[PDB]
Structure formats: structure tokens, C-alpha cells
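Participant: Please find one structure pasted underneath; my questions will follow.
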Amino acid sequence: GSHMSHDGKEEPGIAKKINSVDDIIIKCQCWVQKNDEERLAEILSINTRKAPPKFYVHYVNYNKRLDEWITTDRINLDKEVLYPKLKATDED
């Protein structure tokens, strides 16, 4: 199905639900289980030197001193994932 898809005045930010930690980047944001709770953590880096691998998350709600290296089992794949926006721009 297709229809008239206009633009108008929309904002950035893409919300998509994934099921694989492999599709994660530094600009990717997901939820992390901490203290029997869920907190929105933003990815900072990736470390694929283990099995499963490890990832660097940073609690946006807290300071950068809270960030750490969590594992797949520490990632919440039940909540929608936030990805960066891309647009063709040829400026200087």
C-alpha cells in the first residue's frame, strides 16, 4: 500500500525495533536493565573481543561517570531502538 507521503515540518529521530545486538552503533540508543529497573542508555562504542561480545553504554539520565561496558544479556531488546538521521547535504 502506498499513498501521498508529504514532508511538511517533521523532526529527526528514527524509532525501530531490532532483535540483534550486531546492528548497533555509537549513535544507537537502547534500554539497559539496572537495579531491577530499565534506563535509557546511549551506546558509546563497541567491543567484539568476546563471545558474546561487549558494548559501551552511557546512562543519559546520569553523568558520564555512570557509563560502562555491558553485555548482550544486559541489553533490552524489548524496547524500541533509536537511530541517527541521515540527509543529503552538500554544503561547506
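Using PDB author numbering, the first residue of the sequence shown is number -2, and each one after it goes up by one.
For each residue, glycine too, the CB sits at the ideal point set by N, CA and C.
(1) What number of angstroms, rounded off, separates the C-alpha of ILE43 from the C-alpha of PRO9?
(2) Going by the beta-carbon positions, is the gap between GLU35 and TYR53 smaller than 9 Å?
(3) Between the beta-carbon of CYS27 and the beta-carbon of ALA38, is there less than 9 Å?
(4) Anyone know if the C-beta pair for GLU77 and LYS14 falls short of 9 Å?
(5) Go ahead and pull the three-state DSSP assignment for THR68.
(6) Where does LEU63 sit, in a helix, a strand or coil, going by DSSP?
Facilitator: Straight from the coordinates:
(1) Taking the first residue of the sequence shown as position 1, residue 43 is located at position 46. Taking the first residue of the sequence shown as position 1, residue 9 is located at position 12. Between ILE43 and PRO9, the C-alpha separation is close to 24 Å.
(2) Indexing the sequence shown from 1 puts residue 35 at position 38. Indexing the sequence shown from 1 puts residue 53 at position 56. The answer is no: Cβ separation not under 9 Å.
(3) Translated into positions along the sequence shown, residue 27 becomes position 30. Translated into positions along the sequence shown, residue 38 becomes position 41. Yes. Within cutoff.
(4) Residue 77 sits at position 80 when you count from the first residue of the sequence shown. Residue 14 sits at position 17 when you count from the first residue of the sequence shown. Cβ atoms of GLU77 and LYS14: closer than 9 Å.
(5) Within the sequence shown, the letter at position 71 stands for residue 68. Three-state DSSP puts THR68 in a strand.
(6) Within the sequence shown, the letter at position 66 stands for residue 63. DSSP places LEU63 in coil when its eight states are reduced to three.
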